[PDB]
């Protein structure tokens, strides 16, 4: 809640860095030309954004899981090469679903947490979700 560098209240949010900082950090060279906001002034848009993302991710996950199940179902009836291909396919899908599970987990954590929980490093996860949807 307080800055380790300056001891002041961590109440500001930097748009370029997506970092939560104090007013003395904003005056540091590392935040030169950056635009800062009180965390209250930006919590809403990111709440909405992450909320929107979470839905999509959940949908994509359930789809991927059903697909994995179907792939698994084809395995026993398939000949050896196709078997192995299907096994690999299943594994890959598993990896994807694990990734989606991680992101979803993080999103719920952020959406149910404090503003600092919500905003600290949100740009990375937004990037990740953006890549995932692409």
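Positions refer to the first chain, counted from 1.
- Mean CA temperature factor is higher for 83 to 91 when stretches 29 to 37 and 83 to 91 are set side by side in the entry.
- Taking the PDB entry at face value, the top CA B factor among 47, 68, 60, 101 belongs to 60.
- The top Cα temperature factor in the record, among 122, 111, 22, 14, falls on 122.
- Among all modelled residues in its chain, residue 52 ranks in the lowest third by Cα B-factor.
- For residue 43, the recorded CA B-factor ranks within the middle third of the chain. Only modelled residues enter the ranking.
- Annotation for residue 64: C-alpha temperature factor in the middle third relative to the rest of the modelled chain, per the entry.
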